[PDB]
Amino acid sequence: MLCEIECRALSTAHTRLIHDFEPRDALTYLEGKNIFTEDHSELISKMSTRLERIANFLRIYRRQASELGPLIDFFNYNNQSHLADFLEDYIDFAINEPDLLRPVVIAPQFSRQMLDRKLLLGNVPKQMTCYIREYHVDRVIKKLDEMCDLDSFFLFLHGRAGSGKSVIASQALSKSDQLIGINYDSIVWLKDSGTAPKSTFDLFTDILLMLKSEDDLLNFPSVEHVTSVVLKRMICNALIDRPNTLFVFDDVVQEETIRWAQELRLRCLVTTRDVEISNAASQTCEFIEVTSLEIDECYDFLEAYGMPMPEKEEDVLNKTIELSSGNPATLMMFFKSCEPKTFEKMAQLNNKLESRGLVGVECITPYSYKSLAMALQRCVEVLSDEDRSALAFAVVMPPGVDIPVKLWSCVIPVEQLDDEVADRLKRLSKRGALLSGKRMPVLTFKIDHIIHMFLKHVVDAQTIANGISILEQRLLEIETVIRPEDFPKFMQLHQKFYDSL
């Protein structure tokens, strides 16, 4: 049995083998060195095509051979030293001059054509070319490049629903010309979105089908009554033929997927909303959060996708940006909704959002859900009993404020004290990016506009009242900066907001 490196070599040699390798030339010889049995030979010789034979030949060789020597020797024995040297070189570089292997041996042989093929066969979604959040796309690329030589790993691209994780993941893989081909030998992109108990299992049944996409699948087994161990063993077996595969698990919700990926020792790029699932790992974990688009980033977005570019006209735009809350998913739900190109009809929308929720700006963009709301519903349904409640009472709070704990400790339901409100608030920001916070000068939390617009039309308004006037009882018992302890005396600073209910 070969190791991954010895298999990468064969893989890298493919281009050469397809040109002048005829598996039959090697049968008598390998039978002689006791590597192939007469059966392996017929399983190989019988195929109707040379590529078919090469494919059968390589599966048996990876299983039976214990090193490339016999194959290297064979090629010199058949006067095809050009193939035997390539395999011998690859290995000598791999062992004695790594990090030179890719530059010298691997990279030389690889074209954009081959790269775009790997992507198709990998099921990678077509790369968006309009707006390209360069910073993030290159962070992914840089990290996938420095991690590429770890046996297995987890690169987490986490962020709020719609932040643009998926789009980024695709761009990083489609944009680079090194990653898929040089850094990694191939890729497998699969969308999870599992929520049921058998979701992870179904996920990995596909991975199995994926890794055996070029095997005989005439009698591929129904897996309805197969156990998890068996599914795994089968995936491990199939992995030998697929060295250095990058697995992209799109939209992971259940920590089970992380667990399986780890047991299978895969190299992974995971896109998720709940970074806490990474806690299931014991493997090397790296992260990159897809944060909300900055103020000027929303502009770049609005620019390339049509929208004009600005006194009182600018204000109107700044309002979209405030309501969009830097969420690319929501920002896009605007463009497709603003028939005109006038900041007017644009304003129409903005207002409608201020009048109905987000359901107003309902749409049919390339995103999965109709309204970012439905997309947030799921995040909410995966929260703890307590958190889902704490998150509910955050309704009664101004969007875009750096309000400190004691102030939150009012509306959020619960020796020690209310450090726990901080804990619940720290979780709603970790598991869904529903809220956020800053370490200093003094620890605080914030609730963005879109997530406030969401929270509004989701709780029997009889809960807002009960709370808004339960703060109206905590204010009496006691600007771009944080209100000092002497300020949590009043809530009138934000009255245009605390009263417009």
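The first residue of the sequence shown is number 1, and the count goes up from there.
The deposited sequence places 10 or more unmodelled residues between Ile478 and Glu479. Unmodelled residues of the deposited sequence between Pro310 and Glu311: 1 to 3. According to the PDB record, 301-309 carries the higher mean C-alpha B-factor of the two stretches 200-208 and 301-309. Higher average CA B factor: 380-388, of the stretches 380-388 and 248-256.
Across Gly432, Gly32, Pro441, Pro70, the greatest Cα temperature factor reported in the deposited entry is at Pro441. Remark: of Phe335, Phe156, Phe220, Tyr184, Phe335 shows the highest value [criterion: C-alpha B-factor in the PDB entry]. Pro340: CA B factor lies in the highest third for its chain, per the PDB record. Among all modelled residues in its chain, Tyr77 ranks in the lowest third by Cα B-factor. When the modelled residues of the chain are ordered by their C-alpha B factor, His19 lands in the middle third.
Residue-level temperature factors show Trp189 in the lowest third of its chain, judged at the C-alpha atom. In the deposited entry, the Cα temperature factor of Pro366 places it in the middle third of its chain's modelled residues.
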